[PDB]
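Below is one structure, written out as structure tokens, with a few remarks after it.
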Amino acid sequence: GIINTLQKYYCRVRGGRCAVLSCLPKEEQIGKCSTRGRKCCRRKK
């Protein structure tokens, strides 16, 4: 079928910031900003 998932570079294509443990309350998660224990957060617009 057709692929639409890309959490492997969702933050690498147009992400934002990276958290150390948990994302920021002022932003949602779009993908992994590392590999284990971290994630990517993008400020809500």
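In the structure tokens, the first chain shown is A, the next is B, and so on; residue numbers restart at 1 for each chain, and ligands run from 1 in the order shown.
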
Report as a ChimeraX atom specification: the residues of chain A with a DSSP assignment of alpha helix (DSSP H), based on the backbone of this structure. /A:10-14

Fewer than 2 positions away in the same chain doesn't count, so skip those; otherwise give me all residues within 9 Å of residue A:38, counting only C-alpha atoms, as a list in words.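 Neighbouring residues, sequence-local ones excluded: residues 18, 19, 20, 21, 22, 23, 32, 33, 34, 35, 36 and 40 of chain A.
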
Atom CA of residue A:27 to atom CA of residue A:11: how many Å, to one decimal?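 Taking atom CA of residue A:27 and atom CA of residue A:11, their separation equals 12.7 Å.
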